[PDB]
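J.: Counting from 1, position 6 in the sequence shown corresponds to residue 35 in the UniProt record's numbering; the numbering is continuous, with no gaps. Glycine included, each C-beta is placed from N, C-alpha and C at the ideal position. My structure is below; once you've seen it, I'll send some questions.
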Amino acid sequence: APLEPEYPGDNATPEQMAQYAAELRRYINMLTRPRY
């Protein structure tokens, strides 16, 4: 969920890691257990 992006100092936008964080949530179902 992006909203008015602006090239911040030295950190890829919080929408970038949001994809990977969601990907990990899927991994849990595919692992039948949490990863923590």
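Could you check what DSSP says for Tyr-65 in three-state terms: helix, strand or coil?
T.: By 1-based counting over the sequence shown, the position of residue 65 is 36. In the structure shown, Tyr-65 sits in coil (DSSP, three-state: anything other than H, G, I, E or B).
J.: Between the C-alpha atoms of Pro-63 and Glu-52, what's the straight-line distance to the nearest angstrom?
T.: Residue numbering aside, residue 63 sits at position 34 when the sequence shown is read from its first letter. Residue numbering aside, residue 52 sits at position 23 when the sequence shown is read from its first letter. Those two C-alpha atoms are separated by around 13 Å.
J.: Based on Cα-Cα distance, which residue from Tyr-65, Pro-43 and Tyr-56 lies nearest to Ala-30?
T.: For this step, residue 30 is matched to residue 1 along the sequence shown. It is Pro-43 whose Cα lies nearest to the Cα of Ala-30.
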